[PDB]
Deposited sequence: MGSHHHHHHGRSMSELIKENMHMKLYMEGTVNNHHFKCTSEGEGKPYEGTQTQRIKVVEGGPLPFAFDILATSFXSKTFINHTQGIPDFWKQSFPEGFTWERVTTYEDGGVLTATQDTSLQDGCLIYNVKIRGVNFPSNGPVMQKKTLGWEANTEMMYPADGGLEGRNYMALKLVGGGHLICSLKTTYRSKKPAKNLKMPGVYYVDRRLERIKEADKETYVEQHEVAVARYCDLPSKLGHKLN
């Protein structure tokens, strides 16, 4: 089909956090219907980043969610035109990060273009001091809003010395497909796990893996 059982991706990302400009690129692959993917990510400008790579991590792929049960797949059916997404992540200590991304398809390859703008990350905070250790696994709540799809969630960023830095994510997802051709889902939930395969040179190379599964609440109902 148009999204094959195996798909490749290339990504270009540019942004600023606080006032440090950077670019990353990446290349990877995964199994869109199995909900798995890997990306090999290089910092290509502004390295080494003077902030935790972790704050970029959720910016690097919605087509790779395993949509179980009934759930119509908003993203896989957005092709060939593809889709966009836009997010504000608000950290409880200050730090706000806006990400905006364009997903498109050329020659059976998925192309991501992401822009990042983060501000007010505290100078001696764990993000700017690179004192972080990855994200807990978690659940994005998906619900229809407008002629688009909206996601809400709280993520917990593991800290050196234990404890967590908490942030909220507010995401708006829009298709570029007419809408009349689009079977939009009801409310559902996406269980995700973000992990690293390997990293090196002060995180200027990071290989990142995601498992994502879309579901209805499995609890029984009265």
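*Asks:* Which ranges of the deposited chain go unmodelled, in order along the sequence?
*Replies:* In the chain as deposited, 1-14, 75, 238-243 carry no coordinates.
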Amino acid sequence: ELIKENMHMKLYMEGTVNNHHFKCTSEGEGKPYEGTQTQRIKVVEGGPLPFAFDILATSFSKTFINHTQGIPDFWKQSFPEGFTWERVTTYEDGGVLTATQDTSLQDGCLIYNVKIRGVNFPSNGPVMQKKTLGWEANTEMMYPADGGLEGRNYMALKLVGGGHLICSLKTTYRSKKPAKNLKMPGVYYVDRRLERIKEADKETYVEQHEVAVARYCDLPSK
From here on, numbers count along this sequence of modelled residues.
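*Asks:* Please compare 9-17 with 210-218 and name the stretch with the higher mean C-alpha B-factor in the deposited structure.
*Replies:* Result: 210-218.
*Asks:* Once you work out the mean C-alpha B-factor for both 157-165 and 181-189 from the entry, which is higher?
*Replies:* Here the higher of the two C-alpha B-factor means belongs to 181-189.
*Asks:* Highest CA temperature factor in the entry: which of 107, 86, 92, 136?
*Replies:* In this record, 107 carries the highest C-alpha B-factor of the candidates.
*Asks:* Tell me which of 113, 124, 77, 120 tops the list for C-alpha B factor in the record.
*Replies:* The record points to 77.
*Asks:* Could you place residue 142 in the lowest, middle or highest third of its chain by Cα temperature factor, using the values in the record?
*Replies:* It belongs to the middle third of the chain when residues are ordered by C-alpha B-factor.
*Asks:* Lowest, middle or highest third: where is residue 50 by Cα B-factor in its chain?
*Replies:* Tercile = lowest for this residue's CA B-factor.
*Asks:* With respect to C-alpha B-factor, does residue 58 fall in the lowest, middle or highest third of the chain as deposited?
*Replies:* For residue 58, whose C-alpha B-factor we compare with every modelled residue in the chain, the answer is the lowest third.
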